[PDB]
Amino acid sequence: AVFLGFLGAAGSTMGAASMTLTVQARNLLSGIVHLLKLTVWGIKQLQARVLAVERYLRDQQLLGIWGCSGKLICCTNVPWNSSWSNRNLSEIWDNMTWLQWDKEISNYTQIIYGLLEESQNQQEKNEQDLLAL
Amino acid sequence: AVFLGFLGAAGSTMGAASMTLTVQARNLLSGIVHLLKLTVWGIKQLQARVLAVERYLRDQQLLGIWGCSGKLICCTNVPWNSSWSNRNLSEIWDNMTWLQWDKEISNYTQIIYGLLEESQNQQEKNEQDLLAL
Amino acid sequence: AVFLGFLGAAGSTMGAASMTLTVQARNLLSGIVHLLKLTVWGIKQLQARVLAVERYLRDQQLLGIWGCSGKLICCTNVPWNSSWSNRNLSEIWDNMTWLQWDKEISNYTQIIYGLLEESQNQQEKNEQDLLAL
Amino acid sequence: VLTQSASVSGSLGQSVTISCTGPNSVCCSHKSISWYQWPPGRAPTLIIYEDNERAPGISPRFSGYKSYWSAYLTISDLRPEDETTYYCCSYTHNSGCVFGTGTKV
Amino acid sequence: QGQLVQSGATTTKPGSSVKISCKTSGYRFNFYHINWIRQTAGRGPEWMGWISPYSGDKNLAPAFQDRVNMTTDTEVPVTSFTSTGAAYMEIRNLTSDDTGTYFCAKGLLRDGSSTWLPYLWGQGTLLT
Ligand SMILES: *[C@@H]1O[C@H](CO)[C@@H](O[C@@H]2O[C@H](CO)[C@@H](O[C@@H]3O[C@H](CO[C@H]4O[C@H](CO)[C@@H](O)[C@H](O[C@H]5O[C@H](CO)[C@@H](O)[C@H](O)[C@@H]5O)[C@@H]4O)[C@@H](O)[C@H](O[C@H]4O[C@H](CO)[C@@H](O)[C@H](O)[C@@H]4O)[C@@H]3O)[C@H](O)[C@H]2NC(C)=O)[C@H](O)[C@H]1NC(C)=O
Ligand SMILES: *[C@@H]1O[C@H](CO)[C@@H](O)[C@H](O)[C@H]1NC(C)=O
Ligand SMILES: *[C@@H]1O[C@H](CO)[C@@H](O)[C@H](O)[C@H]1NC(C)=O
Ligand SMILES: *[C@@H]1O[C@H](CO)[C@@H](O)[C@H](O)[C@H]1NC(C)=O
Ligand SMILES: *[C@@H]1O[C@H](CO)[C@@H](O)[C@H](O)[C@H]1NC(C)=O
Ligand SMILES: *[C@@H]1O[C@H](CO)[C@@H](O)[C@H](O)[C@H]1NC(C)=O
Ligand SMILES: *[C@@H]1O[C@H](CO)[C@@H](O)[C@H](O)[C@H]1NC(C)=O
Ligand SMILES: *[C@@H]1O[C@H](CO)[C@@H](O)[C@H](O)[C@H]1NC(C)=O
Ligand SMILES: *[C@@H]1O[C@H](CO)[C@@H](O)[C@H](O)[C@H]1NC(C)=O
C-alpha cells in the first residue's frame, strides 16, 4: 500500500493522517534510548530514558481521565462549541493538516481538556447508579 | 459551583468526595517535578521524578489486574463480607470521611485486593469461553 | 487449592499456565527495587528501578495498540495462519509449555505483532463510522 | 446541454428557485452539481457544491437540492445584491465542470 | 485568505499565441489545483482546464485538447503554510472568436469529491 512512515503524513490532510496513528503511537517510547555508568554520555542517556516515559505517561494520564484508555480514536460527549472553530467538516478533514489545525485550536486546547475531564467523571457516576439495581 | 481543590474534600463525606476524584487523579503525576546535571539539587530532583512515576504505575497496575483500567468508579463482583465493616450504606457515604474509613478498613485492604485479583482472572477466562462459539 | 507461585507453572501445559497469569502479572513492577545517594549501590539500584518501569510499559504499549489494555486474556480478529504452527488445539494447550511454544513461534512473533496492530487501527475507525449516525 | 431557467424574479424577503437539468450525458444522479454566483465580467463566487453543501461563509438562505432529473438552487430572503447571473455546473471527482446556460435573477 | 493576481489585459490579432499569468499568495500554491476558465460573450462560460502545481498533472476539456499549454513553476516557501506561485496559459490555432474575459481559480479542497473545483478566482483579463 502506502506506508509513509513515522510522521510521514505530517503534511497530509487530517483525514488521511487519521488512518496511520499506530505509526506514531509505537515510536513514543522505543528507539535506542546495560549498566548505569554515570559518565557524560551515561548521565545524558539516563535523562533521555526517564524523559521518554515521563512524557509518554502524561499523555496516557489525560487519555485515562477522559475514558479513552488504550484508544487511538475515541468519541466523546462534549459538543463542538463553534467558537472554537467555525470551519465545516469537509474543509477540516479534506483540507487542513494536523499541524495547522493545532495552530488555530491552540487557545482552546485547555478549555476542551476540562470538558472531557468532568464529562468522564459524571459518566462513570451515571454508570454506577444504573448498575445499582 | 463548588470546586474545593486538590484534596479539598478530604474532610467531606465519602459520597461528596466521590464526586471530585478527577481533582486528585490529575495531580498524581504532574506538578513541577532540561539537562540532567548531577548536583545536590539535580540528584534530588531526578529521584523526585522517578518516584512519582513509580508510585503512579503501582496504583495503575492494581487497577489493571482488577479490570478497572482507566476508571475512577468501577464496580466489581466481590461481595462485601460484613466482617470487614458492618456499617450501613447511609452511615458510610453520608457520615464517614475517606480518611477515617481507610483507618478502619485498613486490616482487610490486602484481603480485598486478592478477591478483586482472581475475580478478574476468572472473569476474563469466562469471556473467552463465551466467545468460543 | 494449588497456587504454584511466581513462574510456578513454567513447566505446566499452556492451558494450565493460562489460569495463573495474575501470579506473574503482579510481580512485573514490584519486588524490593528513600533518598537517592549516588554510591556504587545507589547507582545500581536506580538503574534497577528505571529498568523495571521501562520494560513494563513496553509490554503495556503493545497491549494498548492491540486493543487489549488492562487485559490478561483478550481475543483478536487476526486468524491463525497455519504456516505459523500447524499443531492442533488439543496438542497445544494440553501438551506444550509456554516456553517451548515461544521457542517455535519465535520467528513469526514480529509478523503477528503487526497484524494485531493494524487490526486495532481499522477496528477503531470502523467503530467511529458506526457512531456517526 | 445543461439547461438552466430562462429567467425569473421575486422581491425583498421572498424566495427564488433556479433550475438546472440535462440528459444522461451531464445529469444527474451520477454527477455532482455546483452553483456559482457570477456577476457578468467579474470575479465569480462559489455558493454551493456537492448538490447542496454551501461554501465557507455562504448565507444559509442559499440552499441546493438535486432530484434524479434536475438540480435546484433556492434563494430565500432576497436582498439587493442578489441581482446577478447564476450558473450551475456538473462534474465528477476526476473530470471537468460543464457549466450551465445561465439564469438572470 | 488567498490572492490570485492576473496578467495585463493587452490585445492581439488572430493567428498569434498569448501567455496569461496568475500569481498566488496567502496559501500553499502546491496544495490546490489551478483552473483556467473562459467567459466568452458569444457563448456560455467554459471550463478550459486545471493543472496540479504539486504533481504537474493537467486535465483540459476536449475542445481545448491540442490547442492549449498549461504550465506552472515551483512555489516559493514564505512561511510554513504560505507560498507564492505562478500559472501559465497558452493557445495554439488562435483566432478572434476566442475573445472574452479569462480567469484563474484555484481548487476547493485537497481531497474528497470536489478537489479541483474552482473556488477562489482572480480579477480577470480582457483580451482581443
Ligand atoms: C501532498 O499534497 C498534495 C496537494 O494537496 C496532495 O495531492 C493531492 O492528493 C489528493 C488525494 O490523494 C488528490 O485528490 C484526488 O484527486 C483525484 C483526481 O486526480 C485523478 O484525475 C487525474 C486527471 O483526470 C488522473 O490523471 C489521475 O489518475 C492517475 O494519474 C496521475 C498522474 O500524475 C497520478 O498522479 C494519480 O495518482 C493517478 O494514479 C487521478 O486519478 C480524484 O480522483 C480523487 O477522488 C477520489 O478519491 C477521493 C478520496 O481521496 C474520493 O472522495 C473520491 O470520491 C474519488 O474516489 C481525489 O479527489 C489531489 O488531486 C492531489 N493534488 C492536488 C490537490 O493538487 C498529496 O496527496 C499530498 N501528499 C502527502 C503525502 O501529503
Ligand atoms: C461556548 O463557550 C462560551 C465560553 O467559552 C460559552 O459562554 C458559550 O455558552 C458556549 N456556547 C456553546 C454553544 O457551547
Ligand atoms: C483550508 O484551510 C486553510 C487554512 O487557513 C483555509 O485558509 C482554507 O480556506 C481552507 N479551505 C477551504 C476550502 O475552506
Ligand atoms: C489566541 O490568543 C491570542 C492572544 O493574543 C490571539 O492573538 C489569537 O488570535 C487567539 N487565537 C484564537 C484562534 O483564538
Ligand atoms: C468472611 O471472611 C471469612 C474469612 O475472612 C470467611 O471465613 C467467611 O466465610 C466470609 N463470610 C462471608 C459471608 O463472605
Ligand atoms: C486490626 O488489627 C489490629 C491488630 O492488633 C487490631 O488491634 C485492630 O482492632 C484491627 N482492626 C480491625 C478493624 O480489624
Ligand atoms: C500466510 O502467510 C503468508 C506470508 O506470511 C501469506 O502469503 C499467506 O497468504 C498466508 N495464508 C493465510 C491462509 O493466512
Ligand atoms: C526460524 O528461522 C531459522 C533461520 O535459520 C530457521 O532455521 C528455523 O527453522 C525457523 N523456525 C521456524 C519455526 O520457522
Ligand atoms: C509547453 O511549453 C513548454 C515551454 O518550454 C514546453 O517545454 C512544453 O513542451 C509545452 N507543452 C506542450 C504540450 O507542447
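Numbers on residues come from counting from 1 along each chain's written sequence, not from the entry itself, and any residue without coordinates is not displayed. Throughout, the order in which chains and ligands are written sets their labels, letters from A for the former and numbers from 1 for the latter. For these chains, which sit within a larger assembly, all listed values pertain solely to the part presented. Side-chain measures here rest on the full set of heavy atoms in the structure, leaving out hydrogens and waters.

Per the PDB entry, chain E goes by 35O22 scFv heavy chain portion and derives from Homo sapiens.

The name given to chain A in the PDB entry is Envelope glycoprotein gp160, with the source organism recorded as Human immunodeficiency virus 1.

Under the DSSP-based scheme used, a helix requires at least four consecutive residues in state H or I and a strand at least two consecutive residues in state E, with every element numbered from the N terminus. When helices and strands are tallied, chain A shows six helices and zero strands. Walking chain A from its N terminus toward its C terminus, one meets helices and strands in the order α-α-α-α-α-α. With the radius of gyration taken over C-alpha atoms, the globule rule is written as 2.2 Å times the number of residues to the power 0.38. Over its C-alpha trace chain A gives a radius of gyration of 19 Å, far above what one expects of a compact globule, namely 14 Å for 133 residues. Referenced to the eigenvectors of the C-alpha coordinate spread, the extents of chain A come out at roughly 55 × 45 × 35 Å. Two residue types count as positive, namely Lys and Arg, and two as negative, namely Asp and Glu; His and chain ends fall outside the count. Just so you know, the charge point we use is NZ for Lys, CZ for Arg, CG for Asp and CD for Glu. Separation between the mean location of the 10 positive side-chain charges and that of the 11 negative ones in chain A comes to 15 Å.

Residue and element names in this part refer to chain A. Close to ligand 4 lie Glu104, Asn107 and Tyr108. Polar contact criterion, stated in full: a pair of N or O atoms within 3.5 Å, where within protein one must be able to donate a hydrogen and the other to accept it, and residues adjacent in sequence count only if both atoms are side-chain atoms. For ligand 4, an oxygen atom lies 2.4 Å from a polar atom in the side chain of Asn107. The contact in question runs from an oxygen atom of ligand 4 to an N or O atom on the side chain of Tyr108, over 3.0 Å. By convention in this text, a residue qualifies as near a molecule or strand provided that one of its non-hydrogen atoms is within 4 Å of it.

Moving on, we come to the state of the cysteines. A pair of sulfur atoms, both from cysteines and within 2.5 Å, is called a disulfide here. If you walk through the whole model with that rule in mind, you get seven disulfides over all chains. Across the disulfide, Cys27 of chain D is cross-linked to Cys28 of chain D (sulfur-sulfur distance 2.0 Å). Its S-S torsion of about -95° marks the bond between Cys27 of chain D and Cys28 of chain D as left-handed, since a negative value means left-handed. Throughout, exposure labels follow a simple rule: accessible area from a 1.4 Å probe, protein chains only, divided by the maximum for the residue type, with under 20% read as buried, over 50% as exposed, and the rest as partly exposed. Given a relative accessible area of 5%, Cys27 of chain D falls into the buried group. Given a relative accessible area of 2%, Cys28 of chain D falls into the buried group. With a sulfur-sulfur separation of 2.0 Å, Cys89 of chain D is cross-linked through a disulfide to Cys97 of chain D. The same class applies to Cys89 of chain D and to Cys97 of chain D, which are both buried. A disulfide-free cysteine, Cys75 of chain A has its sulfur positioned 7.0 Å from the sulfur of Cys74 of chain A, the nearest such atom.

Turning our eyes to something else, we now look at the environment of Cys75 of chain A. Tracing the chain through its elements places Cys75 of chain A in the loop between α3 (40-65) and α4 (90-93). Separated by 32 residues in the primary sequence, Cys75 of chain A and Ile43 of chain A have C-alpha atoms spaced 41 Å apart.

Here we take up the sheet that holds strand β1 (residues 3-6) of chain E. All names here are of chain E. Ordered by their spatial adjacency, four strands build an open sheet running β1-β2-β7-β6, and the pairing between neighbours is antiparallel. Strand pairing shows two members of the sheet lacking a second neighbour, β1 and β6 (68-77), which therefore form its edges. Between one strand and the next, the sheet's axes are offset by a mean angle of 15°, whatever the strand orientation. Direction of pairing for strand β2 (residues 20-27) relative to strand β7 (residues 83-91): antiparallel, over a ladder of six bridges. Residue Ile20 lies in a different strand from β7, and its bridge partner there is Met89. Here, any two strands with at least 2 DSSP bridges between them count as paired. Geometry is summarised by axes, namely lines fitted to C-alpha atoms with helices restricted to the contacting stretch, and by angles between N-to-C directions that run from 0 to 180 degrees.

The next point concerns the sheet that holds strand β1 (residues 3-4) of chain D. All names here are of chain D. What the four strands build is an open sheet, ordered β1-β2-β7-β6; its pairing is antiparallel. Looking at which strands have only one partner, the edges of the open sheet turn out to be β1 and β6 (62-66). Bridge count for β6 against strand β7 (residues 70-75) is five bridges, and the pairing is antiparallel. Across the sheet, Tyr65 pairs through a bridge with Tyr72, a residue of β7.

A few words now on the site of ligand 8. Residue and element names in this part refer to chain C. Around ligand 8, the neighbouring residues are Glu104, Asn107 and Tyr108. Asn107 has a polar side-chain atom sitting 2.4 Å from an oxygen atom of ligand 8. At 3.0 Å from an oxygen atom of ligand 8 is found a side-chain nitrogen or oxygen belonging to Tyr108. Relative to its unbound accessible area of 360 Å², ligand 8 is 30% covered by the protein chains. Accessibility throughout is a Shrake-Rupley quantity obtained with a 1.4 Å probe, and a residue counts as covered only by protein chains that appear here.

Moving on: empty space enclosed by the protein. All names here are of chain E. Buriedness of a pocket was judged along seven lines, with at least five required to meet protein on both sides within 12 Å; pockets are open sets of points on a 1 Å grid over the protein atoms alone, cavities are sets where a 1.4 Å probe fits but cannot get out, and lining residues have an atom within 4 Å of a point. Grid points are joined across faces, edges and corners, and a volume is the space filled by probe spheres set on the points. Each pocket or cavity is described by its volume, and for the largest cavity that value is around 100 Å³. Considering the residues around the largest cavity, the lining is formed by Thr10, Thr11, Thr12, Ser16, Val18, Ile91, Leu94, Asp98, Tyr102, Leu127 and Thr128. Residues belonging to the lining of the largest cavity are distributed by class as follows: five nonpolar, five polar and one charged. Charged residues are taken to be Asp, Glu, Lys and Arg, nonpolar residues to be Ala, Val, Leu, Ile, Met, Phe, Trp, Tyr, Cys and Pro, and polar residues to be all remaining types, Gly included.

Throughout, a contact is declared for two residues whenever any of their heavy atoms are within 4.5 Å. At the interface, 18 residues of chain C touch 22 residues of chain A. Throughout, buried area stands for the accessible area (probe radius 1.4 Å) lost by two parts on being put together, summed over both. Across the chain C to chain A interface the summed buried area is about 2,000 Å²; carbon plus sulfur atoms make up 59%. Interface area lost by chain C to chain A is led by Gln61, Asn121 and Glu124 of chain C, which between them contribute 28%. Any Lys or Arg side-chain nitrogen found within 4 Å of a carboxyl oxygen on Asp or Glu counts as a salt bridge. Counting every contact that joins chain C to chain A gives three salt bridges. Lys71 of chain A is paired through a salt bridge with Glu127 of chain C; the nearest N and O atoms lie 3.9 Å apart. The tally of links between chain C and chain A comes to eight residue pairs in polar contact.

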